[PDB]
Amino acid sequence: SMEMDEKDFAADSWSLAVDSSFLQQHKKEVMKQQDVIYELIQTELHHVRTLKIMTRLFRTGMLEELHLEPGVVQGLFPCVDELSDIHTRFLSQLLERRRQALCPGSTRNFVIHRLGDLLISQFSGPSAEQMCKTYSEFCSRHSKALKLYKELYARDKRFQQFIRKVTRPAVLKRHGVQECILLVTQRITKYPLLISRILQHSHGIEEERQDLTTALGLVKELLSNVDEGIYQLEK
């Protein structure tokens, strides 16, 4: 995670992130809609950060510090490179839409008027197919990844050393190996919750209400296919 984005999403809401003189020039319904859009981006930023801890800290650390079979590392972190590319691209698009909406002379005051188009692109066509296949694979290998982790922690003294050492920082308190895997599986089921609450405050422009309704239907369709494609593998 880069300092610039961490600071932009440091506040608890959009109403606290923007200057108070800017907030006061907006209608309450705009403040409410922007509060949920900001939470969608802030949680996408945290999600991409969870995936970076898995690839760079845990996965790469095991390859460069331990003598484990690379097949063992693949069992511990399935599809993490693929998941990292999908969500890093999606976050990139959300952050550019926020930057485009910035008030000139400000790096914090913005109001995003269009979001539905961006959500339709992400959850439709080849983009949705790649997410469905990747999440169906990740979630089918989720239990085996936890069992492999627990076996390595209970049998290998060097693996225990590595884990105790990299997870020592306070910033990693809720981001251990098993916490990262559950955080990733649970991410997809947050999108309908975030998009339905955004939609509830997007009745001003009618094209936006429809684009958000289409995006909502597309996410639920993706979750349904991911859920149908799951078949838990064993160690």
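In this text, residue numbers run from 1 along the sequence as written. We call the rigid core the largest set of C-alpha positions that still match within 1.5 Å between the two forms.
- In 8 other deposited structures of this protein, superposed on the rigid core, the segment with the larger root-mean-square CA displacement between 69-77 and 125-133 is 69-77.
- The deposited model assigns a higher average Cα B-factor to 194-202 than to the other stretch when 40-48 and 194-202 are compared.
- Across the two stretches, 179-187 and 23-31, the PDB entry reports the greater mean Cα temperature factor for 23-31.
- In the PDB entry, residue 68 places in the highest third of its chain by CA B-factor.
- In the deposited entry, the Cα temperature factor of residue 100 places it in the middle third of its chain's modelled residues.
- Sort the chain's modelled residues by C-alpha temperature factor and residue 137 lands in the middle third, per the entry.
- Residue 209: CA B factor in the highest third of modelled residues in this chain (values from the PDB entry).
- Ranked by C-alpha B-factor against the other modelled residues of its chain, residue 8 falls in the lowest third.
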